[PDB]
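J.: Kindly return the folded structure for what I paste below:
(one chain, ligands or ions: 2)
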Amino acid sequence: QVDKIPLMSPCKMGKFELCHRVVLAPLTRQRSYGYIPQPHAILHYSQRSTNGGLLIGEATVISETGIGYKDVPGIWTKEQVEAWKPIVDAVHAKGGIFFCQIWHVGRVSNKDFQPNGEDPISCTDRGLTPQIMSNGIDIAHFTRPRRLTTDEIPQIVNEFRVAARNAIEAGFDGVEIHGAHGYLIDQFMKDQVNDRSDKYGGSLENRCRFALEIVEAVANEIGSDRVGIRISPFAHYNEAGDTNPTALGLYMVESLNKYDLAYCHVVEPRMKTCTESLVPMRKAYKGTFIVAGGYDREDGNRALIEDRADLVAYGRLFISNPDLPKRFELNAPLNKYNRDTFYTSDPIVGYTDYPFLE
Ligand SMILES: Cc1cc2nc3c(=O)[nH]c(=O)nc-3n(C[C@H](O)[C@H](O)[C@H](O)COP(=O)(O)O)c2cc1C
Ligand SMILES: [Cl-]
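T.: Residues are numbered from 1 along each chain as shown. Ligands and ions are numbered 1, 2, ... in the order given. Now the structure:
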């Protein structure tokens with residue numbers, strides 16, 4: 001047989017007993033027509049479920065104002081909650097642990113996606129410059145956001161709280177707060193975006209206030225052992241960089257310690273220039289640490305051997321390998337992924353048609 005590897009080692013996380021450390025990263029696939037989870041997702045998630053394996057669902061919108069892309073699922077209506085149930089049930093049928101990633105795009109939207117054509121909301125009133133859409137043909141334009149007022153913010157915090165409850169109602173084992181990639185929560189944390197002059201800005205502490213109020217509200221709502229949060233301190237995605245990423249990341253993990261969460265999920269920096277690294281954050285964080293961003297089998301085992309993380313989340317390789325955990329375990333060849341169908345809308349093509357090991 002093949003030598004055992006750290007990636008296949010059981011891991012205790014929060015109140016859960018995982019059977020291995022290969023995690024399905026959150027992956028927006030834009031196949032949730034009308035913002036409603038679809039039948040084909042039942043198969044998609046089921047194909048990737050393993051006994052005791054952790055699955056993090058695609059970013060799920062917490063309210064009407066959090067929409068910034070077509071066909072992404074939401075979880076603010078009964079219809080969406082009910083549509084989520086069969087998908088969650090399929091994952092549970094195979095013994096998987098399923099966390100719902102709750103999300104709000106903030107300024108990364110257009111009034112055409114908004115209720116009554118309203119302006120997107122954000123920590124600031126500055127908009128994004130145009131971006132080339134996933135199809136590589138069309139250009140996405142964004143509407144300048146309306147700066148949320150100090151007293152409006154708690155209402156948004158409550159939207160995350162309600163979304164978390166709805167996820168529990170749908171049967172999810174827990175929720176992951178989307179505090180990354182320049183979306184609403186990251187907009188408040190990043191100093192290139194947050195130019196507020198009230199208590200939600202002006203200092204590292206103030207910029208992280210929003211994220212921490214969300215953690216508290218969500219943790220108090222469903223229990224901290226059913227809560228995780230994802231951050232990307234070093235990412236500049238959606239024009240959301242920070243002048244001191246290391247300090248930002250350190251402050252967040254140190255502040256998150258007191259909440260006793262199920263885990264903290266951090267994305268690796270794209271480049272190393274003090275220097276960008278997740279090691280200091282792993283050392284400062286006392287709970288379960290999940291890393292993601294460019295990992296393969298070799299790097300995944302190495303991260304565990306060097307004790308840089310407890311869990312390793314895989315995105316692209318999991319898109320093309322339903323049975324990624326098994327393949328890693330057998331050190332089997334991997335299917336290549338086709339980025340051209342990552343965000344296309346077919347129920348099957350590039351979604352459920354990647355083959356299992358022969
Ligand atoms: C098609 C696609 C969709 C993604 N959707 C999300 C998402 O909804 N939420 C999120 O936090 N990250 C999202 N990500 C980022 C991934 O979770 C992960 O961090 C990324 O794939 C980095 O790792 P990899 O080298 O294993 O692909 C997405 C990535 C891809 C390629
Ligand atoms: Cl302000």
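J.: ok, for residue 31, nearest residue in space, not its chain neighbours?
T.: residue 345 (5.6 Å; C-beta to C-beta, 6 or more residues apart in numbering). Yep, even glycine has a C-beta here, placed from its N, CA and C like the rest.
J.: which SSE is that neighbour in?
T.: Here residue 345 is covered by no helix or strand, with elements defined by DSSP states H and E.
J.: Show me what residue of this structure gets nearest to ligand 1.
T.: As assessed by C-beta to the nearest ligand atom, ligand 1 sits closest to residue 315 within the chain, at 2.2 Å.
J.: helices or strands up against the longest helix seen in the chain?
T.: As assigned by DSSP state H, the longest helix anywhere in the chain is helix 204-222. Secondary-structure packing of helix 204-222 (3 or more C-beta pairs under 8 Å, 6 or more residues apart in numbering; DSSP states H and E): helix 153-169, strand 174-179, helix 184-189, strand 227-231, helix 245-256.
J.: sorry, back to before: tell me, how many residues neighbour the residue of the chain closest to ligand 1?
T.: For residue 315, the neighbour count with other C-beta atoms under 10 Å is 19.
J.: Same check on residue 195?
T.: Neighbours around residue 195, by other C-beta under 10 Å: 13.
J.: phi, psi of it?
T.: phi -110, psi 30 (degrees, to the nearest 10).
J.: Now the longest helix of the chain: buried residues?
T.: 204, 206-215, 217-219, 221-222 (16 or more other C-beta atoms under 10 Å).
J.: and it, how far from the chain's centre?
T.: Centre-to-centre, helix 204-222 and its host chain are 16 Å apart (C-alpha atoms, centre = their mean, to the nearest Å).
J.: So what touches it?
T.: Helix 204-222 has contacts (C-beta atoms under 8 Å, 6 or more residues apart in numbering) with 102, 123, 153-154, 157-158, 160-161, 164-165, 167-168, 174-175, 177, 179, 185, 188-191, 194, 196, 199-201, 227, 229, 231, 244, 247-248, 251-252, 255-256, 259, 261.
J.: what's the angle between that helix and strand 174-179?
T.: Orientation of helix 204-222 against strand 174-179 (axes from the mean of the first three to the mean of the last three C-alpha atoms, to 10 degrees) gives an angle of 160 degrees.
J.: Do any residues in helix 204-222 lie close to ligand 2?
T.: No: using C-beta under 5 Å from the ion, helix 204-222 stays clear of ligand 2, coming no nearer than 10.2 Å.
J.: wait, what's in contact with the residue of the stretch 51-200 of the chain found nearest ligand 2?
T.: Evaluated by C-beta to the ion, the stretch 51-200 of the chain has residue 196 as its residue closest to ligand 2, separated by 3.6 Å. Residues in contact with residue 196 (C-beta under 8 Å, 6+ apart) are 123-124, 147, 188, 202, 206.
J.: Kindly provide the distance from it to residue 188.
T.: Per C-beta to C-beta, to the nearest Å, residue 196 is found 8 Å from residue 188.
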